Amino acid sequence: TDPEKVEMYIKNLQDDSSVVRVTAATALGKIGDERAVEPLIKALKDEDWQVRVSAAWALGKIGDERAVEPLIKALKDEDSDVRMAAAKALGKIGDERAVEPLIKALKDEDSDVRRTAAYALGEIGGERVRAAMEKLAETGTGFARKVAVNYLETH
């Protein structure tokens, strides 16, 4: 890990150009230094949706659970590509705190967001996911119920 590069890209997250901020978020995710986590969390609130996607992706890559609460908020971002990137990142981080928000995201309007939330729940796995799926199977409806019934038949 190059602390010089980390500092340089952290600084670039404040660049006037959104394309530069995208590169910075992406670079920091690839480096994996947790020193980038607080700046990337700020970047989750960027005006530009590609910066928010890249910040979410990078925070998923670093895997620090400090990102969990801000990514949960990003699950209801106006932009579907951001919602998807948040769900995928929450799956990668693997913290069970994300299970109930991801379950709600199974009712997202965008089918690829729904698919990504379903896969993230599968990646988290365990008994909280299992319990949520039985509840869905019994009291849910629509795509979420489909996901649940399939989950329980496969686990």
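Just count from 1 along the sequence shown to find any residue number.
- For the two regions 115-123 and 50-58, the entry's Cα B-factors average higher over 115-123.
- Of the two segments, 1-9 and 146-154, the one listed with the higher mean B-factor is 146-154 (C-alpha atoms only).
- Highest CA B-factor among the listed residues (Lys88, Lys42, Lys30, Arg35): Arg35.
- In this PDB entry, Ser18 carries a Cα temperature factor that places it within the lowest third of its chain's modelled residues.
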